[PDB]
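The analysis underlying the following values was restricted to heavy atoms, covering all of them including side chains, and did not include hydrogens, waters or symmetry mates. Letters A, B, ... are given to chains in the order of the sequence lines, protein chains preceding strands, and every chain is numbered from 1.
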There are 2 protein chains.
Amino acid sequence: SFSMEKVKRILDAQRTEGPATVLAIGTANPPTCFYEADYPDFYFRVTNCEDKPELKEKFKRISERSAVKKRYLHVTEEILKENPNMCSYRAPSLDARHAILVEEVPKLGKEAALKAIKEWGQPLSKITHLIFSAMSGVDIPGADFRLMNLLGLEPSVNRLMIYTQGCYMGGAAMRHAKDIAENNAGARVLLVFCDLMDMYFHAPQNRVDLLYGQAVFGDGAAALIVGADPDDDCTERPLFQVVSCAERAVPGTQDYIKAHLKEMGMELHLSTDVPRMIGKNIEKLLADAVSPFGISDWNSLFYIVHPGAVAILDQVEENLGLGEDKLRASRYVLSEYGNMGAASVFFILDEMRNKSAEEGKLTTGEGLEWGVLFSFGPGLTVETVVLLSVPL
Amino acid sequence: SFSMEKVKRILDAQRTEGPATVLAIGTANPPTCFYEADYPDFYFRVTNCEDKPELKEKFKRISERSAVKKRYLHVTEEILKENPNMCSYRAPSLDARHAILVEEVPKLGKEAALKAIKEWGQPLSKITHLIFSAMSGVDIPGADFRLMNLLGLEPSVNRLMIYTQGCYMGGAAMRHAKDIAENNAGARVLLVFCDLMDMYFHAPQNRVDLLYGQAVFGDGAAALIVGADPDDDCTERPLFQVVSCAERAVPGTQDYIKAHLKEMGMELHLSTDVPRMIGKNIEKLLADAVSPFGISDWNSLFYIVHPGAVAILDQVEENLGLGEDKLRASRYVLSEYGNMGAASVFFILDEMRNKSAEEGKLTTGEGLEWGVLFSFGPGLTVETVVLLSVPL
């Protein structure tokens, strides 16, 4: 109990007062922009499948119904010519794909992170934690380690590296950031998502889910700084406050989304019933999250909804009975960027703060006080994050 | 500020008082035991390399100097005959290896977890968090998801899944568990490590690091329940208390440990200078960790030292000037199990509590009050965890 007195001193010192907050957001994308109208022509030519015109028409109809206008993609024609096995279905190409990703993932992560750090305005040495979430590029040491050296973070930065899990990771990694920030006084967390879909590129198949992915998956990186108790003696300023995080595996849906890391790259299996399943469950998930704060009117909230597909946003809008403009920011990111995996919701969060400032709203949350962020991934995992806006 | 009052109620409710504690530990291993004396004969026969007798003698000398007596290995002769490409160097075999691991990783994890849950003595429904750390078996959904269904945890369990990072993950995942447990009143974390080395099995090469791995890497799973503020109204009882966690990337050593996930499996590069590098840095790392508690005599601590190799334990013993019996528990696990990756330190922790009870020591830490746990991995990453024992 002499020792437990010493421990209690340490615990006392580390206490925080307020909730974890997002202090900054920065994003980045691969250079090459692919417009949806032209992608079918590009895709079927570069895979030498122009002799399958019926399949191409089936792909165009999916692309045209996608509500994606354009995407930034790491995979280019030059990369496909340098690595032809990426275009031959099931041919061994994992080594080529990883070679391409192992340097590019941390690199695009740095671009996003630098923008975040710039907004934040504090020295690199104040970053105590780094969380790196990446769909692809599995390597040892990981992208977190590479990013730490690219940025010049302290060698003592506490790191967490999470590979190859899926689109629920936005909400899930935010939960981990929240716990770090709130349990450690002074902690400032750099949270980075970098999702390059190169491993999911394959020659076109007669599979609705593969074609959808080929039409909708986009690339992007987002970085956030998360911390509790913003310091007034510096230019630190909260954008949103993280009130609560919840996660749920929807029973009976294990097989809805599966992806296997194989010699041919990533082998995907994705049910077309995912948007309906989400629509069936969304209201109960929302109610459990915001009922503790007395909220029962769904239209009084601002929304960040992971844009997995346009059907998903429609199902959320419909089953919550939202007004027609409620999901604007979510649809905007789907339109301008496509589905960029876990990074997507933070592109939306970024977009929302900017649109709000631009329109003269009184809060970063479209003028509203309370809001909710939703992430959806395998299998099926749903993240529900309650947010507070900040006044403007 | 109406809303911030509601938030402060939530924050007030979630506060904990004491440090995160390990409430239980359970371990498990693959069925087949391989004795070190016989492994060279097994290894070179089953890979059809008996026509390389000089290389075999070089391997035997490494095995004989390893201080490993036996290991439990998932890779068996039957598996190698069913998947011959595992025996042909650089031949494509990733798909075969993953098939073998995707079910086995969560399965061995369950065996360890069940033992942990049994010791703990509380219902499955009290587990609020699951952290799963696995060297191999990358799959979507992951082993955390599989384990949740195998065990029957609540669908709302908060999950974290960390693949393919290396032996620092023991200390690192403990840090994440500590933050969860201390920031969330009532949280009870199930922390599972399952490390199957199947991806590192290859035909013998004239490479000192590959041969070492082939001689020393073993398989195992360890599960812990971690929580703050043990409840007296139930049979919950702390074994150790987690005082502090620290992490450091040793400058100038990025290339010391590299491993690439490839079509042939895991491609390893490991410097023989790792044990010397650890020995050079260990004292400064220890001093920074326990100086805040006024500790300067290294022999007054109990030790859990990740047994990467016998040279590592020797370098730690020597550069801290430890008495000859200080690292007994660490050497014991290296001897009886080999290097089981991230799970290893918790086998040692388990072993230490048992030996202490058996010998009638007054604490779970060999009768001593303060202790330190060390993890070492890529590149180079060192974890330093300060522990408190519990009286017996």
Checking heavy atoms, do the side chain of A:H260, its backbone, both or neither come under 4.5 Å from chain B? both
Which region of B:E267, side chain (C-beta onward) or backbone (N, CA, C, O), has a non-hydrogen atom less than 4.5 Å from a non-hydrogen atom of chain A, or is it both or neither? neither
Relative to chain A, which segment of B:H176 carries a heavy atom at a distance below 4.5 Å: side chain, backbone, both, or neither? side chain
Most contacts with chain B, counted as non-hydrogen pairs under 4.5 angstrom, among A:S156, A:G379, A:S3: A:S3
How long is the gap from CD on B:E263 to CE on A:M264, to the nearest 0.5 Å? 12.0 Å
At a heavy-atom separation under 4.5 Å, does A:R175 approach chain B through its side chain, its backbone, both, or neither? side chain
If you tally heavy-atom pairs under 4.5 Å against chain B, which of A:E154, A:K262, A:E17, A:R15 wins? A:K262
Tell me, for B:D12 versus chain A, whether the close heavy atoms (under 4.5 Å) come from the side chain, the backbone, both or neither. neither
Need one label for B:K8: side chain, backbone, both or neither, based on atoms under 4.5 Å from any heavy atom in chain A. neither
Using heavy-atom distances under 4.5 Å, tell me whether B:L261 contacts chain A through its side chain, its backbone, both, or neither. both
Just one of B:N183, B:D179, B:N184 clears the side-chain contact (heavy atoms from CB on, under 4.5 Å) bar with A:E182, so which one? B:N183
When A:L160, A:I162, A:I10 are compared by non-hydrogen pairs under 4.5 Å with chain B, the top option: A:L160
Got A:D144 and B:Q165 here, is their nearest side-chain heavy-atom distance under 4.5 Å? yes
Highest number of heavy-atom pairs under 4.5 Å with chain B among A:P378, A:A249, A:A99, A:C245 belongs to A:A249
Taking atom CD1 of B:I140 and atom OH of A:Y163, what is their separation to the nearest 0.5 Å? 13.5 Å
Winner by heavy-atom pair count (cut-off under 4.5 Å) against chain A, out of B:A246, B:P292, B:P155: B:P155
What residue in B:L388, B:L94, B:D95 has the most heavy-atom pairs under 4.5 Å with chain A? B:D95
Can you check whether A:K258 reaches B:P141 side chain to side chain, under 4.5 Å on heavy atoms? yes
Counting heavy-atom pairs under 4.5 Å with chain B, which one of A:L268, A:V7, A:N158 comes out on top? A:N158
What part of B:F293 gets closer than 4.5 Å to chain A, counting heavy atoms only: side chain, backbone, both or neither? both
Check against side chain to side chain contact (heavy atoms under 4.5 Å, CB included), B:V157 and A:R248: CA-CA 7 Å; B:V157 62; A:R248 182 176 183 83; over 6 Å; no
What part of B:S93 gets closer than 4.5 Å to chain A, counting heavy atoms only: side chain, backbone, both or neither? backbone
Could you tell me which portion of B:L11 (side chain, backbone, both or neither) has an atom closer than 4.5 angstrom to a non-hydrogen atom of chain A? side chain
Report which part of B:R146 has an atom under 4.5 Å of a heavy atom belonging to chain A: side chain, backbone, both, or neither. side chain
Greatest number of heavy atom pairs closer than 4.5 Å to chain A - which of B:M4, B:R159, B:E383, B:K6: B:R159
What part of A:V386 gets within 4.5 angstrom of chain B, counting heavy atoms only: side chain, backbone, both, or neither? neither
Counting only heavy atoms closer than 4.5 Å, note whether A:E369 contacts chain B via side chain, backbone, both or neither. side chain
